file data-v7.cif (mmCIF, C-alpha atoms)
data_run
#
loop_
_atom_site.label_atom_id
_atom_site.label_comp_id
_atom_site.auth_asym_id
_atom_site.auth_seq_id
_atom_site.Cartn_x
_atom_site.Cartn_y
_atom_site.Cartn_z
CA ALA A 1 61.15 -97.33 -16.62
CA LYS A 2 64.15 -97.93 -18.86
CA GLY A 3 65.79 -95.19 -20.86
CA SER A 4 68.12 -95.92 -23.74
CA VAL A 5 70.55 -93.56 -25.47
CA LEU A 6 72.17 -93.81 -28.91
CA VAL A 7 75.22 -91.58 -29.40
CA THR A 8 76.43 -90.86 -32.91
CA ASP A 9 78.87 -88.39 -34.55
CA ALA A 10 77.70 -85.83 -37.13
CA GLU A 11 78.04 -88.44 -39.91
CA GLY A 12 75.60 -90.87 -38.21
CA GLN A 13 78.39 -93.05 -36.95
CA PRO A 14 77.99 -94.60 -33.47
CA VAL A 15 80.42 -93.31 -30.84
CA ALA A 16 81.89 -96.06 -28.71
CA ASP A 17 82.79 -95.14 -25.12
CA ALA A 18 81.13 -91.70 -25.11
CA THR A 19 80.36 -90.47 -21.57
CA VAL A 20 76.64 -90.28 -20.90
CA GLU A 21 75.40 -88.33 -17.89
CA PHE A 22 71.76 -88.43 -16.84
CA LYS A 23 70.74 -85.30 -14.89
CA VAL A 24 67.70 -84.18 -12.87
CA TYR A 25 66.62 -80.54 -12.64
CA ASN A 26 66.59 -79.15 -9.06
CA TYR A 27 67.06 -75.71 -7.62
CA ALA A 28 67.48 -74.19 -11.10
CA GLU A 29 70.36 -76.51 -12.11
CA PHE A 30 70.96 -80.05 -13.39
CA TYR A 31 72.53 -82.62 -11.08
CA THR A 32 74.16 -85.74 -12.47
CA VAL A 33 72.49 -88.81 -11.08
CA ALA A 34 74.17 -91.55 -13.21
CA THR A 35 77.13 -91.70 -15.58
CA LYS A 36 77.29 -94.40 -18.30
CA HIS A 37 79.62 -95.11 -21.20
CA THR A 38 78.36 -96.20 -24.60
CA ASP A 39 79.17 -99.72 -25.81
CA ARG A 40 80.62 -100.56 -29.26
CA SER A 41 77.21 -99.75 -30.84
CA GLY A 42 77.00 -96.28 -29.26
CA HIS A 43 74.32 -97.31 -26.74
CA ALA A 44 73.84 -96.60 -23.07
CA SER A 45 70.84 -97.33 -20.87
CA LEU A 46 69.53 -96.34 -17.43
CA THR A 47 66.63 -97.68 -15.36
CA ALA A 48 65.15 -94.94 -13.19
CA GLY A 49 61.99 -93.36 -11.77
CA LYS A 50 59.62 -92.06 -14.45
CA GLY A 51 60.37 -88.33 -15.09
CA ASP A 52 62.40 -86.00 -17.31
CA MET A 53 66.18 -86.17 -17.33
CA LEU A 54 68.70 -84.14 -19.25
CA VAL A 55 71.03 -86.58 -20.99
CA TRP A 56 74.50 -85.14 -21.65
CA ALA A 57 76.73 -87.11 -23.98
CA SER A 58 80.41 -86.36 -24.52
CA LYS A 59 83.56 -87.73 -26.16
CA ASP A 60 86.92 -85.93 -26.40
CA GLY A 61 85.47 -82.42 -26.06
CA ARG A 62 82.66 -82.99 -28.57
CA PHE A 63 79.20 -83.11 -26.93
CA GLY A 64 75.42 -83.23 -27.40
CA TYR A 65 72.35 -83.36 -25.18
CA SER A 66 68.64 -83.99 -24.96
CA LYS A 67 65.67 -84.55 -22.73
CA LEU A 68 64.66 -88.07 -22.02
CA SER A 69 61.24 -88.54 -20.45
CA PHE A 70 61.63 -91.80 -18.59
CA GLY A 71 58.51 -93.84 -19.03
CA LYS A 72 57.47 -91.92 -22.20
CA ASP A 73 60.56 -91.89 -24.50
CA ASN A 74 62.05 -95.22 -25.42
CA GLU A 75 65.36 -94.34 -26.97
CA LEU A 76 66.95 -91.01 -27.55
CA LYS A 77 69.44 -90.45 -30.35
CA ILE A 78 72.08 -87.86 -29.45
CA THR A 79 74.33 -86.28 -32.11
CA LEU A 80 77.70 -85.17 -30.73
CA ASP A 81 77.22 -82.02 -32.83
CA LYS A 82 78.95 -79.44 -30.61
#

call {"tool": "encode", "arguments": {"input": "data-v7.cif", "output": "structure tokens"}}
result
Amino acid sequence: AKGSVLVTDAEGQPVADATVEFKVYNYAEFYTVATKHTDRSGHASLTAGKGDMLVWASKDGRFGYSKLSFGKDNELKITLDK
């Protein structure tokens, strides 16, 4: 299915051109399978096999992450809160 990501800063503002890595868990670690950059609205999308991915969003050393269940979750909002 399709998995969409919204990346915002701590003040709810969309982050343009944040790096968005989608990772799959294997052998006790997460392996990046795709790398996207958010558009001017703070959105990035991936089409992939149904399944759980860790989504890792970063911009200039600020970062946030969450699980996206592809085929169950439609759009994940990630707060670059770290």

call {"tool": "closest_residue", "arguments": {"input": "data-v7.cif", "among": "A:3, A:79, A:15, A:52", "to": "residue 67 in chain A", "atoms": "only C-alpha atoms"}}
result
A:52

call {"tool": "residues_around", "arguments": {"input": "data-v7.cif", "residues": "residue 44 in chain A", "least_positions_apart": "6", "cutoff": "10 Å", "atoms": "only C-alpha atoms", "output": "list in words"}}
result
residues 3, 4, 5, 6, 7, 16, 17, 18, 19, 20, 21, 35, 36, 37, 38, 57, 75 and 76 of chain A

call {"tool": "residues_around", "arguments": {"input": "data-v7.cif", "residues": "residue 22 in chain A", "least_positions_apart": "3", "cutoff": "9 Å", "atoms": "all atoms listed in the file", "output": "list in words"}}
result
residues 31, 32, 33, 34, 35, 36, 46, 53, 54, 55, 56, 57 and 68 of chain A

call {"tool": "closest_residue", "arguments": {"input": "data-v7.cif", "among": "A:66, A:41, A:1, A:30", "to": "residue 13 in chain A", "atoms": "all atoms listed in the file"}}
result
A:41

call {"tool": "axis_aligned_box", "arguments": {"input": "data-v7.cif", "around": "range 4-22 of chain A", "padding_each_side": "6 Å", "output": "JSON"}}
result
{"center_x": 75.5, "center_y": -90.9, "center_z": -28.4, "size_x": 26.7, "size_y": 22.2, "size_z": 35.1}

call {"tool": "atom_distance", "arguments": {"input": "data-v7.cif", "atom1": "CA of residue 49 in chain A", "atom2": "CA of residue 14 in chain A"}}
result
27.0 Å

call {"tool": "atom_distance", "arguments": {"input": "data-v7.cif", "atom1": "CA of residue 39 in chain A", "atom2": "CA of residue 26 in chain A"}}
result
29.4 Å

call {"tool": "decode", "arguments": {"input": "data-v7.cif", "residues": "chain A", "atoms": "C-alpha atoms", "output": "PDB file, in the first residue's frame"}}
result
ATOM      1  CA  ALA A   1       0.000   0.000   0.000  1.00  0.00           C
ATOM      2  CA  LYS A   2       0.885   3.690   0.140  1.00  0.00           C
ATOM      3  CA  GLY A   3       2.380   5.313   3.197  1.00  0.00           C
ATOM      4  CA  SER A   4       2.390   9.063   3.673  1.00  0.00           C
ATOM      5  CA  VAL A   5       4.430  11.122   6.131  1.00  0.00           C
ATOM      6  CA  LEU A   6       3.846  14.660   7.429  1.00  0.00           C
ATOM      7  CA  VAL A   7       6.902  16.279   9.039  1.00  0.00           C
ATOM      8  CA  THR A   8       6.422  19.318  11.243  1.00  0.00           C
ATOM      9  CA  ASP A   9       8.558  21.282  13.755  1.00  0.00           C
ATOM     10  CA  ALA A  10       7.580  21.576  17.429  1.00  0.00           C
ATOM     11  CA  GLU A  11       5.302  24.544  16.618  1.00  0.00           C
ATOM     12  CA  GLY A  12       3.215  22.517  14.114  1.00  0.00           C
ATOM     13  CA  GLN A  13       4.936  24.089  11.160  1.00  0.00           C
ATOM     14  CA  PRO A  14       5.639  21.842   8.131  1.00  0.00           C
ATOM     15  CA  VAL A  15       9.311  21.158   7.452  1.00  0.00           C
ATOM     16  CA  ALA A  16      10.211  21.437   3.789  1.00  0.00           C
ATOM     17  CA  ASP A  17      13.047  19.203   2.556  1.00  0.00           C
ATOM     18  CA  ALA A  18      13.361  17.088   5.723  1.00  0.00           C
ATOM     19  CA  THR A  19      15.058  13.725   5.061  1.00  0.00           C
ATOM     20  CA  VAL A  20      12.686  10.809   5.504  1.00  0.00           C
ATOM     21  CA  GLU A  21      14.103   7.295   5.796  1.00  0.00           C
ATOM     22  CA  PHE A  22      11.844   4.256   5.794  1.00  0.00           C
ATOM     23  CA  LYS A  23      13.440   1.279   7.589  1.00  0.00           C
ATOM     24  CA  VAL A  24      12.647  -2.433   7.996  1.00  0.00           C
ATOM     25  CA  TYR A  25      13.592  -4.400  11.121  1.00  0.00           C
ATOM     26  CA  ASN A  26      15.937  -7.360  10.448  1.00  0.00           C
ATOM     27  CA  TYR A  27      18.535  -9.118  12.511  1.00  0.00           C
ATOM     28  CA  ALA A  28      17.845  -6.857  15.509  1.00  0.00           C
ATOM     29  CA  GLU A  29      18.460  -3.596  13.594  1.00  0.00           C
ATOM     30  CA  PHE A  30      16.691  -1.231  11.182  1.00  0.00           C
ATOM     31  CA  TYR A  31      17.834  -1.075   7.566  1.00  0.00           C
ATOM     32  CA  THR A  32      16.979   1.900   5.385  1.00  0.00           C
ATOM     33  CA  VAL A  33      15.024   0.782   2.376  1.00  0.00           C
ATOM     34  CA  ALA A  34      14.008   4.189   0.890  1.00  0.00           C
ATOM     35  CA  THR A  35      15.002   7.806   1.485  1.00  0.00           C
ATOM     36  CA  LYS A  36      12.585  10.638   0.597  1.00  0.00           C
ATOM     37  CA  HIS A  37      12.597  14.394   1.104  1.00  0.00           C
ATOM     38  CA  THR A  38       9.511  16.312   2.149  1.00  0.00           C
ATOM     39  CA  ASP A  39       7.948  18.757  -0.321  1.00  0.00           C
ATOM     40  CA  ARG A  40       6.968  22.372   0.509  1.00  0.00           C
ATOM     41  CA  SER A  41       4.010  21.057   2.577  1.00  0.00           C
ATOM     42  CA  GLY A  42       6.184  18.750   4.713  1.00  0.00           C
ATOM     43  CA  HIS A  43       4.940  15.570   3.007  1.00  0.00           C
ATOM     44  CA  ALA A  44       6.686  12.459   1.787  1.00  0.00           C
ATOM     45  CA  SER A  45       5.189   9.202   0.551  1.00  0.00           C
ATOM     46  CA  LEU A  46       6.333   5.645  -0.170  1.00  0.00           C
ATOM     47  CA  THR A  47       4.564   2.732  -1.878  1.00  0.00           C
ATOM     48  CA  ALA A  48       5.748  -0.577  -0.439  1.00  0.00           C
ATOM     49  CA  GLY A  49       4.779  -4.081   0.690  1.00  0.00           C
ATOM     50  CA  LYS A  50       2.287  -4.111   3.561  1.00  0.00           C
ATOM     51  CA  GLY A  51       4.214  -4.311   6.897  1.00  0.00           C
ATOM     52  CA  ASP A  52       5.708  -2.152   9.656  1.00  0.00           C
ATOM     53  CA  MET A  53       8.445   0.338   8.881  1.00  0.00           C
ATOM     54  CA  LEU A  54      10.310   2.690  11.159  1.00  0.00           C
ATOM     55  CA  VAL A  55      10.107   6.151   9.610  1.00  0.00           C
ATOM     56  CA  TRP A  56      13.032   8.409  10.569  1.00  0.00           C
ATOM     57  CA  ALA A  57      12.677  12.074   9.738  1.00  0.00           C
ATOM     58  CA  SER A  58      15.507  14.581  10.021  1.00  0.00           C
ATOM     59  CA  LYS A  59      16.452  18.173   9.183  1.00  0.00           C
ATOM     60  CA  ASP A  60      19.660  19.959  10.254  1.00  0.00           C
ATOM     61  CA  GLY A  61      20.323  17.716  13.275  1.00  0.00           C
ATOM     62  CA  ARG A  62      16.738  17.865  14.561  1.00  0.00           C
ATOM     63  CA  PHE A  63      14.891  14.525  14.200  1.00  0.00           C
ATOM     64  CA  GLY A  64      11.779  12.467  14.982  1.00  0.00           C
ATOM     65  CA  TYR A  65      10.504   8.973  14.247  1.00  0.00           C
ATOM     66  CA  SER A  66       7.549   6.631  14.241  1.00  0.00           C
ATOM     67  CA  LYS A  67       6.162   3.330  13.119  1.00  0.00           C
ATOM     68  CA  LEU A  68       4.169   3.251   9.968  1.00  0.00           C
ATOM     69  CA  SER A  69       2.167   0.088   9.341  1.00  0.00           C
ATOM     70  CA  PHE A  70       1.889   0.015   5.576  1.00  0.00           C
ATOM     71  CA  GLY A  71      -1.573  -1.053   4.616  1.00  0.00           C
ATOM     72  CA  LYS A  72      -3.038  -0.065   8.042  1.00  0.00           C
ATOM     73  CA  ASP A  73      -1.827   3.528   8.731  1.00  0.00           C
ATOM     74  CA  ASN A  74      -2.659   6.144   6.153  1.00  0.00           C
ATOM     75  CA  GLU A  75      -0.540   9.085   7.137  1.00  0.00           C
ATOM     76  CA  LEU A  76       1.869   9.504   9.960  1.00  0.00           C
ATOM     77  CA  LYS A  77       2.616  12.909  11.454  1.00  0.00           C
ATOM     78  CA  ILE A  78       6.201  13.179  12.723  1.00  0.00           C
ATOM     79  CA  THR A  79       7.296  16.010  15.040  1.00  0.00           C
ATOM     80  CA  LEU A  80      10.990  16.867  14.689  1.00  0.00           C
ATOM     81  CA  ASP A  81      11.034  17.078  18.497  1.00  0.00           C
ATOM     82  CA  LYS A  82      14.564  15.845  19.226  1.00  0.00           C
TER      83      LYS A  82
END
